[PDB]
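Overview (structure and organization)
Take a look at the letters that make up each chain.
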Amino acid sequence: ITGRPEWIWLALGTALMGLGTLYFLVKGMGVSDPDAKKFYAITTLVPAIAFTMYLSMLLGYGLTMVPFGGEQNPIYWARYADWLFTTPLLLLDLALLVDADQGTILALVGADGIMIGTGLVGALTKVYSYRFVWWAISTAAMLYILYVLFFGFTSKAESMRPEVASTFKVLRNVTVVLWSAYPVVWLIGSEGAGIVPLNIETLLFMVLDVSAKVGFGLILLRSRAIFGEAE
Amino acid sequence: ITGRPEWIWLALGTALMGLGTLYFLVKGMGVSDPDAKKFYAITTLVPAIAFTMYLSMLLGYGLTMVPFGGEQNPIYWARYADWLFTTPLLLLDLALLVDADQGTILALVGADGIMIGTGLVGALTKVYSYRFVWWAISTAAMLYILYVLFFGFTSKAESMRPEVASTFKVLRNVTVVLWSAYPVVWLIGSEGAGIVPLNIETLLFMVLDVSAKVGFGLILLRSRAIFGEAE
Amino acid sequence: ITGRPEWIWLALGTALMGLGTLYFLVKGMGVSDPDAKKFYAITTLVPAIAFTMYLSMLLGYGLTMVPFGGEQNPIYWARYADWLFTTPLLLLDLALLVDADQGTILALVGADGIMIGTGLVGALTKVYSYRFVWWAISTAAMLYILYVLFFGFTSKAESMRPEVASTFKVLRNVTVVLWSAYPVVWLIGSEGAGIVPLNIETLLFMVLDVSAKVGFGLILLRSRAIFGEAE
Ligand SMILES: *C/C=C(C)/C=C/C=C(C)/C=C/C1=C(C)CCCC1(C)C
Ligand SMILES: *C/C=C(C)/C=C/C=C(C)/C=C/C1=C(C)CCCC1(C)C
Ligand SMILES: *C/C=C(C)/C=C/C=C(C)/C=C/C1=C(C)CCCC1(C)C
């Protein structure tokens, strides 16, 4: 473990996901409302999956060596196996909040799958210039997702209950700001231009992951918007 | 790129998927009806996924070498990663048209997954005779899908709105004719008996893919059947 | 085939899955009730997927060599590709029986995916001590699933129709007893401590798989609980 200088951030990430999982799991024990049970299930599944993948990176399983630039570069592929499942679930948390129609949910989940899959292909691509072509395609998918979150979801949330509108507005702003940082970190880090070394990149991804999963869930699961309107 | 003689068809396929994606994406911008939004989301996701996989084949990522017959044979595995996601979506486009029940949809999607997965296993199998065992299992799954499209779906479509019945009949005939050609091309091409060389096989798959995705979508998204009956 | 002593059990498993698939496929031909069609679709898909993966193990495709303990150990990875799709479907068969809410279904399917995925990671892990860490995480996911089947599902089934309550109670007891045996067999077999040799382990998994899929389906598809209450 300790032979890699990024291990501490991996270890910290593992701890912060596991604790977060346990907290959400304890917080949803006394919940009988089926809407709230949906939100608790999705929101608790997110850091549990992230916990397993951070642990696989810490133990060395989720790492491979990819030759590009004449070098063997360490690529943590397990992130993508994380994100493939946790980014649609997070989007589902937003979409159930505003009661989105099924076609918009399918468009969001499909564009997210394209984003993560093309990011994985770009991370594993051996021709150095082609990695940025895949980065550009994935960033276009992200920009579609952010467009849908701003111009199909806010004006839908304004016509619903005021608590779900305010909670959605906060979670939307958190999501857009945090998700936009990931392609920048990928571009300047070890998967892209190699300006930022791998230990600092691992720290940055850990802060982003913990914020976008545990902090997101802390804002969501403390709101009254997850419960059905009942007496 | 240009070192492989099939590259031109890969390039053409990439172009025709991307253009098709853009056209559907522009055509669904002015759509507010939620049924039509479902059909536009599914139908636009299909050539976008196909675009990414054609690009991966063009850049050389979606190709591997499989030893059989004493030879290293070029196998484009990315097709299967395409088809695993795009063939159920296309089937979903048919199933939402006739308002199929959930069990029939689950049977169709599961049989389709078996078809694509056993095709992938047969494409990667190193023992030459076993490749045709997997081909036979996949063809049996295809024949189940075609049976369901003819004897559980046509007599359901006849009791619905006449526009959805005529549009379903056209798309069903297009789907059956185009999908039946794929196991023949696999059997006589480089994955099977090797009678047709890889560049002609790549051309044939490109014509089939463009027809079964973009032409299918052009027939579907121009019909009144995708809209709810409203004044 | 015959060079491996476990081949006979693989062959027997393949036969028993295929026959079981055919029987369910013939038994659901005369079914028009949409609830019963859902149960027949799920229950027939389970041994069909298991058939394909048993065949891949018999032909040698679903086997890889994993170095641990200074040895190259034969690991049948195809089991996990089986279980990833067939264990949620079986859970779905239970969840549709008691009309479970969507959040509970999502929690069950997600915990099941974590169980199978961490089992696969543990099966492929080259550091011998870490294999049991992944075993422990997967067993914790299994214990969550069994908790939900006993303390969120039985008291829901008691308020429904009596035939669905009795059928659910039988299938729940069968499921809990059979599913609890799998981590024990993994732990003492060739993936874990290596006390039981691979041919006996393959026999044990074949008996468990045939019981938990075909016997489960025989109990389910003979019950009146799968039909809607109609005159
Ligand atoms: C739980 C972690 C989350 C919320 C991860 C979010 C990740 C992204 C929004 C990733 C985006 C990427 C691009 C847009 C292009 C470069 C490749 C990726 C995968 C880093
Ligand atoms: C978008 C492309 C589509 C519609 C692809 C359709 C592909 C099939 C129907 C493939 C079928 C196969 C068999 C039935 C057996 C041989 C292996 C396959 C995968 C080529
Ligand atoms: C169709 C076959 C079925 C029902 C398989 C069930 C498998 C399990 C419940 C597997 C569980 C495992 C653990 C709980 C820990 C050890 C690893 C596994 C994957 C064997």
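Residues numbered from 1 in each chain as written, not as in the entry; some residues may be left out. Chains lettered and ligands numbered in written order. Heavy atoms only, no water.

The record lists X-ray crystallography as the method behind this PDB entry and 1.800 Å as its resolution.

So, the site of ligand 1
Residues and elements named next belong to chain A. Neighbouring ligand 1 are 16 residues; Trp-135, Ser-138, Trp-179, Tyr-182 and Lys-213 lie closest to it. Of all the elements in the fold, those that place two or more residues in the shell around ligand 1 are α3 (78–97), α5 (128–151), α7 (162–188) and α8 (198–221). Per-class residue counts for the shell around ligand 1 are ten nonpolar, four polar and two charged. (Near = heavy atom within 4 Å. Helix = DSSP H or I, 4+ residues; strand = E, 2+ residues; numbered from the N terminus. Nonpolar A, V, L, I, M, F, W, Y, C, P; charged D, E, K, R; others polar.)

As for the pattern of salt bridges
On inspection of all chains with the given rule, the structure shows twelve salt bridges over all chains. Note that C:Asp101 and A:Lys37 form a salt bridge whose closest N and O atoms lie 2.7 Å from each other. One end of the pair, C:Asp101, is in the loop between α3 (78–97) and α4 (102–124); the other, A:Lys37, is in helix α2 (residues 34–58), on a second chain. Taking the relative accessible area as the measure of exposure, A:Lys37 reaches 24% and is therefore partly exposed. Taking the shortest distance from any N to any O, the salt bridge between A:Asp82 and A:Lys213 comes out at 3.9 Å. Of the two residues, A:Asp82 sits in helix α3 while A:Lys213 sits in helix α8, which places them 131 residues apart along the sequence. What makes A:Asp82 buried here is its relative accessible area of 2%. We classify A:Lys213 as buried; its relative accessible area is 5%. (Salt bridge = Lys/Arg side-chain N within 4 Å of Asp/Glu carboxyl O. Buried < 20%, exposed > 50% of the residue type's maximum accessible area, 1.4 Å probe, protein only.)

A look at the packing of α3(A) against α7(A)
Residue and element names in this part refer to chain A. Running from N to C, α3 and α7 cross one another at 155°; their axes reach a closest spacing of 10 Å. Between α3 and α7, the interaxial angle falls into the category roughly antiparallel. Judged by the twist between their axes, the crossing of α3 over α7 is left-handed. Listed contacts from α7 to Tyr-80, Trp-83, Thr-87, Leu-90, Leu-91, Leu-94 and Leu-97 of α3 are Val-164, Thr-167, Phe-168, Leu-171, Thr-175, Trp-179, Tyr-182 and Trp-186. Considered class by class, the residues forming the contact of α3 with α7 number twelve nonpolar, three polar and no charged. (Axes fitted to C-alpha atoms, helices over the stretch in contact; angles between N-to-C directions. Parallel < 35°, antiparallel > 145°, perpendicular 65-115°, else oblique. Left-handed = near helix turned anticlockwise from the far one by under 90°. Contact = heavy atoms within 4.5 Å.)

Here's the deal with the relation of the copies chain B and chain C
Once chain B is rotated about the relating axis by 120° and shifted along it by 0.0 Å, it coincides with chain C to within an RMSD of 0.0 Å. The superposition of one copy onto the other is thereby described by a three-fold rotation axis. (Least-squares fit on C-alpha atoms.)

Some points on the interface of chain C and chain A
Opposite the 18 residues of chain C that make contact, chain A presents 16 residues. In total, chain C and chain A occlude about 1,300 Å² of area from one another, counting both sides; carbon and sulfur atoms represent 81% of this. Contact with chain A buries area across many residues of chain C, yet C:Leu106, C:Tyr130 and C:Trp134 alone supply 34% of it, more than any other trio. Applying the counting rule to chain C against chain A returns one residue pair in polar contact. Looking at the side of chain C that touches chain A, the elements that each hand over two or more residues are α4 and α5 (128–151) of chain C. Here the side of chain C that touches chain A is composed, by residue class, of eleven nonpolar, six polar and one charged. (Buried area = accessible area lost by both parts, 1.4 Å probe. Polar contact = N/O pair within 3.5 Å; in protein donor to acceptor, adjacent residues only side chain to side chain.)

Here we look at the UniProt feature "transmembrane region" in chain A
Residue and element names in this part refer to chain A. UniProt records the feature "transmembrane region" for residues 7–26, 41–59, 77–93, 105–124, 132–151, 170–188 and 201–220 in the present numbering. For residues 132–151, the end-to-end C-alpha separation is 28 Å, with 100% helix and 0% strand making up the annotated structure. Measuring from the first to the last C-alpha atom of residues 170–188 gives 28 Å, for a span that is 100% helix and 0% strand. (UniProt positions renumbered as here; feature names shortened; annotations may be inferred.)

Regarding the site of ligand 2
Residues and elements named next belong to chain B. Every one of the 16 residues lining ligand 2 counts as a neighbour, but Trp-135, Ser-138, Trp-179, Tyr-182 and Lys-213 are closest to it. Contributions of two or more residues to the shell around ligand 2 are made by α3 (78–97), α5 (128–151), α7 (162–188) and α8 (198–221). Along the lines of polarity and charge, the residues of the shell around ligand 2 split into ten nonpolar, four polar and two charged.

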